[PDB]
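A.B. asks: Submitted below is the structure of interest, expressed as C-alpha cells.
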Amino acid sequence: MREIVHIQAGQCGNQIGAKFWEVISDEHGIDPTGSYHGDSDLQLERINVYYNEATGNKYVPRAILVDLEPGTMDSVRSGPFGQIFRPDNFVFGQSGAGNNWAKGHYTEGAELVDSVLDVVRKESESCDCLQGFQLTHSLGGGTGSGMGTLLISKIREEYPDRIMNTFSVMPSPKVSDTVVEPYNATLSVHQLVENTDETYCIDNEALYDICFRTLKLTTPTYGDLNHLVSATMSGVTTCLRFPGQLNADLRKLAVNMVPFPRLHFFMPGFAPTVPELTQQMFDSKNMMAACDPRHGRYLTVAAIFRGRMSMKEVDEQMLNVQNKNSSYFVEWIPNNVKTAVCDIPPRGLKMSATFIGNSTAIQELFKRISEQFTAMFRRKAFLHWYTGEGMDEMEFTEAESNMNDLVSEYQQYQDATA
Amino acid sequence: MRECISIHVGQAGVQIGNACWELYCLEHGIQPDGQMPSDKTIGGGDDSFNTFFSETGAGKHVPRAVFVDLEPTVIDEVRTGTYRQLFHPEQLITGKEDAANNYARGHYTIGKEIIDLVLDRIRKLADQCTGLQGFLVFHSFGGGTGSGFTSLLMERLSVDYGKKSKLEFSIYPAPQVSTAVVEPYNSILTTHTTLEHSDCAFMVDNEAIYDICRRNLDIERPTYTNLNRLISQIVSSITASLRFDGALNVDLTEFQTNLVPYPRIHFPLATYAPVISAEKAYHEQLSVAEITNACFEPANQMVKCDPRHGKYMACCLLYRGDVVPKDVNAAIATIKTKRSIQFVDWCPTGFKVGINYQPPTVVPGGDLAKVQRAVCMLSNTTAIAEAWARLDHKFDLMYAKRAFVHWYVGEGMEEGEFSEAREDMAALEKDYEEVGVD
Amino acid sequence: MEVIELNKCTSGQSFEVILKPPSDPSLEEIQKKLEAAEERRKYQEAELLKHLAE
Amino acid sequence: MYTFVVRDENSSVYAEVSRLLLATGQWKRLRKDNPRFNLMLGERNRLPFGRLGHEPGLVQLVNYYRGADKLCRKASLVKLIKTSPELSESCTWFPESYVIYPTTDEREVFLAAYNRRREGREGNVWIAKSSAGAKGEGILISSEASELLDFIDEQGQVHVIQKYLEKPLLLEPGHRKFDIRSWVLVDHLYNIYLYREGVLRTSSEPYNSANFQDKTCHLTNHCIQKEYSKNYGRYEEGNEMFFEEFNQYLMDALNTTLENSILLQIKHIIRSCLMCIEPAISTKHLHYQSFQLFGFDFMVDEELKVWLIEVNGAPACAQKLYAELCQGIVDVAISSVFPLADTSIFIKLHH
Ligand SMILES: Nc1nc2c(ncn2[C@@H]2O[C@H](COP(=O)(O)OP(=O)(O)OP(=O)(O)O)[C@@H](O)[C@H]2O)c(=O)[nH]1
Ligand SMILES: CNCCCOc1cc(F)c(-c2c(Cl)nc3ncnn3c2N[C@@H](C)C(F)(F)F)c(F)c1
Ligand SMILES: Nc1ncnc2c1ncn2[C@@H]1O[C@H](COP(=O)(O)OP(=O)(O)CP(=O)(O)O)[C@@H](O)[C@H]1O
Ligand SMILES: Nc1nc2c(ncn2[C@@H]2O[C@H](COP(=O)(O)OP(=O)(O)O)[C@@H](O)[C@H]2O)c(=O)[nH]1
Ligand SMILES: [Ca+2]
Ligand SMILES: [Ca+2]
Ligand SMILES: [Ca+2]
Ligand SMILES: [Ca+2]
Ligand SMILES: [Mg+2]
Ligand SMILES: [Mg+2]
C-alpha cells in the first residue's frame, strides 16, 4: 500500500534483478508460480510493496524488464522464476547498444523508451499510493547505462515527487571487458548525480574478492557475484518489506541518509556472535564497492540486523564501534548511525547484518573513473563513435566537470570541523 | 462539569493516547465495549469522569478523543485493538503517506491538505460539549507529523477556540529509540511555532523513561509498549484531578495559574515514584516520606536535569492511595532540611498538594507493580532548560553545515524559518537564565 | 509552615503548605503563509520540468 | 580504550594530566566538541554541564563540580559562610568580612563595626578585594573606611571588605609575611583528599606595619614578589618554602610541629567548607560524575591561629610538585571511574 516499482535494464541489470526476485520471493514464501506457501504471516503484511496481488491469490512482481536485445531477456524467462513475471512487462528491442551510451540514451533506446514508460504507467496506476522506483543496471555498458538513465529522466518528468533509487554496478579499478567503459560510466554518473535520491555503488572486483577470499569459491562466476548482490539487496530492503519503523519507506530512508542532495552514493556491506557481525559489517573487506572507508568519514550509516538476537547486545556493540573509532564519523551530524532489527533471517543464515554507508571515501571511485575518462578524452580517443550518434563534445566536458565537482564536495565535507 | 478533548497526533501521540485511554477505563471501571456498570446516570450525566467520556443512550462511554496520523498503520491498530468498540470511526483520521520525519512536510505540504477535515472532526466533538475547557494534545517532537502537523493545528485551535486552554504532552527526542537524524530540527521548529499557543506543556524525554524501565523494571531493552505504559501512569496521575472529585487542578486553567507564572516558561518537570518491578513477588512498601523524597532525585524525573542549579516557581504534589496530610507535611519539613530547594524571590516557597485515595491502577500483565501509595510532583524549575541546551546544540552543529536543510526547503519552507526558530530558542534559553540564575 | 485552604471529599483532599513567603496570527495570515509555501514548491517543480523539457 | 577532551588549553595542571593520560597508551584524545568522550577536562566559565551524562554507552566524568563557584569566589564565599548554619556568621577561622557593591550590600553594616572599634581604639586596618582583580591589583589596604569606600565606588565590579590581620606570624630571618596553599582533590564519591605537600608562598621584604603603600611587604602573591622587589629569591627558591623546611623552623624556633600547630586547623577548615556544599554539588546520583582540584589559601597569625582567605577552583600547582600531584589526580579521580590494565600521596579527610 506504499508500493515500489522495480525496473531492470541491460544484461547486468536483468541478471542481478532476476536473482533479487529469487531471494525475496523465497523470503516471502512465494514460489515460481506466484502462489504463497509460507509459514509466518509477516511474509505478507508488507508483500504489496513489491508484489501486485492478483487472481486466485497469485502474487506478481511489480517488475519491468528492459533491454535492447532479447538474449538476456530469454534466459530470465528460462530461469528458475522466469515464469513469475507479468509477460507484458518484458519490453525489449532487437538492435542492442554496441557498448555505446549514446545508442542507449539517444538513438536505439529512444525508440524503445516510450514502450517502457507505458508499462511503468500501467503499474503505477494500480498502486494505492506509489512510493518510488528502484532500478538495477550497470554503468559500463550501453543499455543499462545509456538507456537506464534515459528512463530515470523520463520517469522523473512524469513522477517528479517520487523517490528514485538505483543499484548501480560501477567500473572496477583494474578489471574491464570493454575499452569505452570510462565514457559510459562518466556520462551515467552525471545523470545519477542529478536524478536519483539513493544509489548503491557495486563493483565486480570487490564482489569477486569476497567470493574467492571469504566464501572460498575457487572459480567465481557472475552467477556467484550476483548472488552476493541479491543477498545484499534483500538486506537493504528488509525494512521496506517487513514490519519495522526505522527507514520503513524510501523517503524516510533518504531523509536520514542524504544530508546533501548530490552526495547520495552509498557503500553497501554484508556479513557474515553479535560482536562478530558488527565487526565484520564495518570491515573494508565486506564492502561491495572498492573504496576503503578509513580513507574518509561517514556522514551517515544505516545498519540492519536480521534474525533472533539480543537487541541489547546489538545496541551495546553498535555503540562500541562508534565510540571506539569516533574519528571516522563526522562530528557535526549527531547520532548519525541508525540500527534496525528484523526477526526474519535470510535463508542459509540465522543472523545477518547488512550495512549501508554514506562515506566520503566514495570519492576515490569517482576519481578513478575521472582519471580514466580524462586520459581518453584529452585525446578524444574513441569519441567519434559517440558524436557519430549525434552527441556534442561539451556533453562530455559537462559530465567530466560535474563528477569532478562531486569529488571536491566529498572532500570539502571530509575535512569539515565543528 | 466542563469537558476536555484529547488530540493525539502522530505515531507517538496515538500509541501513548491508547495506553492512557486503556488506563482511564480501568481506573473508572469502563469495559472494552464502553459499558460502565458503576454509572447510574444512563445516557447522560454531570460527573467528573464525564469530562473525558461522552455517553450514548445505549449506555456506552466514548472518549472525547480524536486520533490523527498521516499514515494508517498505527491508527489501524486502534481500529483493531482491545478497545476498538470504544471509538466511532469518525474519531480516527488517516492520511496515506506520512511526513517522512520532515517538519515542513507535515506542517506545510500535507498539513494544509488535512488540517480542515481534522477541525471538522474536532468541531463534531466540541458540538457535544456544554462548556469545553480546552484540549490536551499528545504528540512527539521528532516525527514529521508530531512536530509539523501538531504546530499547525495548535495555530488553528488558537483561532477556532481562541479562549479555550491547550495543554501538551510532548515526547522529547532520545537517540536510543529515535527514528531520525533530523529530530533536533523538528523539535526546535515545532517548539518555536507552538510556544505562543501552548498554555502548559509536560515534556517527557524518552531517555529518562528508557533508563527508568532499565533500572527499576529490569527491562534490558525497553520497547514502546514498556515506555508508553509508564508514560500513561504519569499522564493519568496528572489528569486525575480533572476526572475525579477534588479542589486542586480541577480545571485546565488551574494548571497554568498553579504552575506557570511566566507564559513562555510553561514546561513543568514531572517526577514520579515509586516505580517498582512487578516481577518482585513483593516489595517491602515505602513511606510517604520516602516516595516524596524520591521526587527530588533526578533518576525519577521525566527529563534528566539538576533542579539544584535552578530555582522553582511552583510545585504540586499529586498523591494516589493511602496518604493523609499530616504525613505529607512531616515529609516536606524533613525534606527541606536535607534538600536544596530554592524558589525565586518573587514567589512563595510552598507546595500545593492533592491526594486521591484510590491507589494507582496498573495494567494486567504490565511491568509495573501494584502499590498502595504513589506520588507525581509537578515542579516548574528552570533546570528543565538543560533539555533545550542539548537540543539547541545539536541543532547548531548540523545547521552550521546546512545538513538536511534541502529536504525542508524542498517542501516550501524558507531557510529563514530555521534561523528564526533557533533565535526564539536562544531567547528562551536566556529567559530561563534571568529567572533561575544569579 | 502554614496549612491553608484545606478541602476534603470522599475521593481525597487538597491543601497548600507554605514554608516561607516571598521577598496571535489571524486565520488569513495562516493561509497566506501556507500558500506562499505552496507557491515556492510549485515554482521549484516548474523550474525542474522546464529543465527536463530542455 | 578511553577517550577524553581538553577544553581549557590554559591549564598547567590538566595540560600535564592530559600528557600523562596519553602516555598511558589506554587513553585517546579527541577534540573539543567530539561528544563521545569518557572524560571532559572542561573550561573555566560557562562549562556546558547540561550536555553531560546523555551519551548512551559512555560513563562520562568531568573535572569540575557544578556549584563550586559559591565557594571559589570572594563575594560568594562571604555570603555562603555568613548564611550557612554549618558555618555561622560567627565563624572563627574566617576574618570578619562584608560584601559591598559599587555604585544585599553590607556597606552600612561594615561601618557599624568600623566605628565600634575606633571607639575602642582597636586595630582598624581593613582590605578590599574581588574576583575581577588579577595580577595582584584591585586590592587596597588602609585604616580609614572613607579611603576604601571611595575606592570601591571607583570600581564597577563587586568587592568585599575584610579585616586585615594586623598581627601575622612572621618568618625569621626576614620578619616577612607568607600564606599557605593547600591542594585538595574531591573525587566522584565526594572523598576529600588533601595533598600531603603544601607550599608557603613568601614575601621577601620585612613586614612594615607603618605603611601599607608598598604591597610587596603585604601581598604574598607569587605575582608581586617576582616582579617588584629584588630580594625575591634570597631565603628560598622562588619564594616557595615547603613543609619539611617549615616544619623544622616551627620546631627550632617555637618548639612545635606543623601538624599540631597549623595542619589540624587546615584540615578542619577544608572539611567544614566542602561538607557544607556536598548536598548542592554532589553527583553520586547523577547521570554524570564530577571531580575537582581546589587550592585553599590560609593565613597564620602570631598566636598560630589559622585563617582562611580564599578558595581557588582553578588553581595552579608549584613547579616542583606537578609530577606527583597530577598523577594522583589520575589514579584517584580518573582511573577511579575508568580502570586501567593489570603508599599514598593524599590525606583522606573523613566525614
Ligand atoms: N515514548 C514513545 N515514543 C515514541 C513512540 N513512537 C514514536 N516515538 C518517538 O517519536 C519520534 C518519532 O516520531 P513519530 O511520532 O513516530 O513520527 P510521526 O509523528 O508519526 O511523524 P511521521 O511518521 O514523520 O509522519 C522518535 O523520537 C521516537 O523515539 C511511542 O509510541 N512512545
Ligand atoms: C585480486 N583482485 C582480483 C579480482 C578479480 O575480479 C573479477 C571480477 C569479475 F566480475 C570476473 C568475471 C566473472 Cl566472476 N564471471 C564472468 N563471466 C563472464 N565474464 N566474467 C568475469 N569477468 C570478465 C571481464 C573476464 F572473465 F574476462 F575477466 C572476474 F573473472 C574477475
Ligand atoms: N584579611 C587579610 N589579612 C591579611 N592579609 C590578607 C588578608 N586578605 C588578603 N590578604 C593578603 O593579600 C594577598 C592577596 O589576597 P588574595 O589571596 O585574595 O588575592 P588572589 O585572589 O589573587 C590569590 P590567588 O592568585 O591564589 O587566587 C594574600 O596573599 C594575603 O596574603
Ligand atoms: N555483476 C554482474 N555484472 C555484469 C554482468 N554482466 C555484465 N556485467 C558488468 O557490466 C558491464 C557490461 O555491461 P552490460 O550489462 O553487459 O551492458 P548492457 O547490457 O548494454 O547494459 C561489465 O563491466 C560487467 O562487469 C552480470 O551478470 N553480473
Ligand atoms: Ca532503429
Ligand atoms: Ca506512446
Ligand atoms: Ca452517566
Ligand atoms: Ca490562546
Ligand atoms: Mg509516522
Ligand atoms: Mg583570586
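If you're matching them up, the sequences are chains B, A, E and F in order.
Count the first sequence with the authors' numbering and you get residues 1 to 272, 285 to 358, 367 to 438, in order.
Position 228 (the second sequence) corresponds to 228 in the authors' numbering; numbering is contiguous.
Count the third sequence with the authors' numbering and you get residues 6 to 28, 44 to 74, in order.
Count the fourth sequence with the authors' numbering and you get residues 1 to 103, 125 to 363, 372 to 380, in order.
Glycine included, each C-beta is placed from N, C-alpha and C at the ideal position.
(1) Take residue 51 of chain A as the anchor and find which of A:192, A:251, A:314 and A:354 has the nearest alpha-carbon.
(2) Counting only beta-carbon atoms, is residue 181 of chain B nearer than 8 Å to chain E?
(3) Please look up how many angstroms separate the CB atoms of residue 263 of chain F and residue 218 of chain F, rounded, as I've assumed it's under 8 Å.
(4) Which residues of chain F have a Cβ atom closer than 7 Å to the Cβ of residue 374 of chain A, listed in chain order?
(5) Going along the chain, which residues of its own chain have a beta-carbon closer than 6 Å to the beta-carbon of residue 140 of chain A, five neighbours each way excluded?
(6) Can you give me, in chain order, the residues of the stretch 291 to 303 of chain A that have a beta carbon less than 9 Å from any beta carbon in chain F?
(7) Give a single yes or no on whether residue 56 of chain A has its beta carbon closer than 7 Å to a heavy atom of ligand 7.
(8) Run the Cβ filter for me: residues under 5 Å from any heavy atom of ligand 9, listed in the order they occur in the chain.
(9) If you scan the stretch 3 to 89 of chain F from start to end, which runs of the beta strand (DSSP E) of 3 or more residues do you find wholly inside it?
(10) From the DSSP output, in three-state form, read off residue 198 of chain B for me.
(11) Start and end of the alpha helix (DSSP H) containing residue 18 of chain A?
(12) Examine ligand 7 and report whether any of its heavy atoms sits within less than 7 Å of the Cβ of residue 245 of chain A.
(13) Return the CA-CA distance between residue 418 of chain B and residue 113 of chain A, expressed in angstroms with no decimal places.
(14) If you measure from the beta carbon of residue 85 of chain F to each beta carbon in chain A, is any gap under 8 Å?
(15) Could you please tell me which residues of the stretch 49 to 62 of chain F, in chain order, have their CB closer than 7 Å to any CB of chain B?
(16) How is residue 154 of chain A classed by DSSP in three states: helix, strand or coil?
(17) Beta strand (DSSP E) containing residue 443 of chain A: first to last residue?
(18) Where in the stretch 317 to 375 of chain A do unbroken runs of the alpha helix (DSSP H), each at least 4 residues long, occur, reported from the N-terminal end onward?
(19) Could you list the residues in the stretch 334 to 347 of chain B with a C-beta less than 7 Å from some C-beta on chain A, going in chain order?
(20) Where does residue 269 of chain F land, buried or exposed, given buried means 16+ other C-beta within 10 angstroms?
(21) Looking at residue 225 of chain F and residue 197 of chain F, is the spacing between their C-beta atoms short of 8 Å?
(22) Determine, using beta carbons only, whether residue 308 of chain A comes closer than 8 Å to chain F.
(23) Note down, in chain order, all residues in the stretch 71 to 102 of chain A with a beta-carbon under 7 Å from any beta-carbon belonging to chain B.
(24) Have a look at residue 148 of chain F and residue 212 of chain F and give me their C-alpha separation to the nearest angstrom.
(25) Would you kindly check if the distance between the Cβ of residue 201 of chain B and the Cβ of residue 170 of chain B is under 8 Å?
(26) Whole angstroms is fine: what's the gap from residue 280 of chain B's alpha carbon to residue 257 of chain B's?
(27) Check the Cβ-Cβ distances between residue 187 of chain A and every residue of chain F, and say whether any is below 8 Å.
(28) Taking three-plus beta-carbon pairs below 8 Å as touching, is the stretch 210 to 227 of chain B in contact with the stretch 314 to 334 of chain B?
(29) With a threshold of 8 Å between beta carbons, is residue 41 of chain F in contact with chain B?
(30) Any Cβ of chain A within less than 8 Å of the Cβ of residue 177 of chain F?
(31) Which residues of chain F have a Cβ atom closer than 7 Å to the Cβ of residue 438 of chain B, listed in chain order?
(32) Specify the secondary structure class of residue 268 of chain B as computed by DSSP and reduced to three states.
(33) Quick one: which chain A residues come within Cβ less than 7 Å of residue 32 of chain B?
(34) Nearest chain A C-beta to residue 116 of chain F closer than 8 Å, yes or no?
(35) Which residue spans inside the stretch 144 to 176 of chain B form an unbroken alpha helix (DSSP H) run of at least 4?
(36) Along the stretch 124 to 158 of chain B, where does the CB come closer than 8 Å to a CB of chain E? Name the residues.
C.D. replies: Once the coordinates are examined:
(1) Sequence index remark: in the second sequence, residue 51 of chain A carries index 51 (1-based). The residue with the shortest Cα to Cα distance from residue 51 of chain A is A:251.
(2) In the first sequence, the residue the question calls residue 181 of chain B occupies position 181. No - not a single Cβ of chain E is within 8 Å of the one on residue 181 of chain B.
(3) Numbered from its first residue, the fourth sequence carries residue 263 of chain F at position 242. Numbered from its first residue, the fourth sequence carries residue 218 of chain F at position 197. At roughly 7 Å, the Cβ-Cβ gap stays under 8 Å, so residue 263 of chain F and residue 218 of chain F are in contact.
(4) Numbered from its first residue, the second sequence carries residue 374 of chain A at position 374. What residue 374 of chain A touches in chain F: nothing, since even the nearest Cβ is about 20 Å away.
(5) Here the question's residue 140 of chain A lines up with position 140 in the second sequence. Only 10, 12, 146 and 171 meet the Cβ criterion.
(6) 297, 298 and 299
(7) In the second sequence, counting from the first residue as 1, residue 56 of chain A sits at position 56. In this structure, residue 56 of chain A has its CB at a distance of at least 7 Å from all heavy atoms of ligand 7.
(8) Counting every residue whose Cβ lies closer than 5 Å to a heavy atom of ligand 9, we get A:11 and A:98.
(9) 27 to 29 and 39 to 41
(10) Position 198 of the first sequence holds residue 198 of chain B. Strand, per DSSP.
(11) Here residue 18 of chain A corresponds to residue number 18 of the second sequence, with the count starting at 1. It spans 10 to 28 - the alpha helix (DSSP H) in which residue 18 of chain A sits, taken as one unbroken run.
(12) The residue given as residue 245 of chain A occupies position 245 in the second sequence. No - ligand 7 has no heavy atom lying nearer than 7 Å to the Cβ of residue 245 of chain A.
(13) Here residue 418 of chain B corresponds to residue number 398 of the first sequence, with the count starting at 1. Here residue 113 of chain A corresponds to residue number 113 of the second sequence, with the count starting at 1. Looking at the two C-alpha atoms, the distance is approximately 41 Å.
(14) What you label residue 85 of chain F is simply residue 85 of the fourth sequence in a count that begins at 1. No, because no Cβ of chain A sits closer than 8 Å to the Cβ of residue 85 of chain F.
(15) Those residues of the stretch 49 to 62 of chain F that come within reach of chain B (Cβ to Cβ, closer than 7 Å) are 56, 57 and 58.
(16) Within the second sequence, residue 154 of chain A is the residue found at index 154, counting from 1. Three-state result, residue 154 of chain A: helix.
(17) In the structure as shown, chain A starts at 1 and stops at 438, and residue 443 of chain A therefore has no counterpart that could be examined.
(18) 325 to 338
(19) From the stretch 334 to 347 of chain B, only 344, 345, 346 and 347 have a Cβ closer than 7 Å to chain A.
(20) Taking the fourth sequence and counting its residues from 1, the one referred to as residue 269 of chain F is at position 248. Exposed, by the Cβ-count rule.
(21) Position 176 of the fourth sequence, counted from the start, is the residue given in the question as residue 197 of chain F. Position 204 of the fourth sequence, counted from the start, is the residue given in the question as residue 225 of chain F. Against a cut-off of 8 Å, the Cβ pair of residue 225 of chain F and residue 197 of chain F comes out as a contact.
(22) The count along the second sequence starts at 1 and reaches residue 308 of chain A at position 308. Residue 308 of chain A counts as touching chain F.
(23) 96, 97, 100, 101 and 102
(24) In the fourth sequence, the residue the question calls residue 148 of chain F occupies position 127. In the fourth sequence, the residue the question calls residue 212 of chain F occupies position 191. Computed Cα separation, rounded: 34 Å.
(25) Here residue 170 of chain B corresponds to residue number 170 of the first sequence, with the count starting at 1. Here residue 201 of chain B corresponds to residue number 201 of the first sequence, with the count starting at 1. Annotated as proximal: residue 170 of chain B and residue 201 of chain B, with beta-carbon spacing under 8 Å.
(26) Gap in chain B between 272 and 285; residue 280 of chain B lies inside it and carries no coordinates.
(27) Position 187 of the second sequence, counted from the start, is the residue given in the question as residue 187 of chain A. Chain F contact via Cβ: absent.
(28) Inter-segment contact for the stretch 210 to 227 of chain B and the stretch 314 to 334 of chain B is absent: fewer than three beta-carbon pairs are separated by less than 8 Å.
(29) Against the fourth sequence, residue 41 of chain F aligns to sequence position 41. So no, residue 41 of chain F is outside the interface.
(30) On the fourth sequence, residue 177 of chain F is found 156 positions in, with the first residue counted as 1. Judged by the 8 Å Cβ criterion, residue 177 of chain F is not in contact with chain A.
(31) Sequence index remark: in the first sequence, residue 438 of chain B carries index 418 (1-based). Simply 33.
(32) Looking up residue 268 of chain B in the first sequence gives position 268. Three-state DSSP puts residue 268 of chain B in a strand.
(33) Along the first sequence, read from residue 1 onward, the residue named residue 32 of chain B stands at position 32. In chain order: nothing, as chain A lies at least about 31 Å away.
(34) Because chain F is numbered 103 and then 125 with no intervening positions, residue 116 of chain F cannot be located in this model.
(35) 148 to 158
(36) In summary, the residues of the stretch 124 to 158 of chain B whose CB is separated from some CB of chain E by less than 8 Å are 153, 156 and 157, in the order they occur in the chain.
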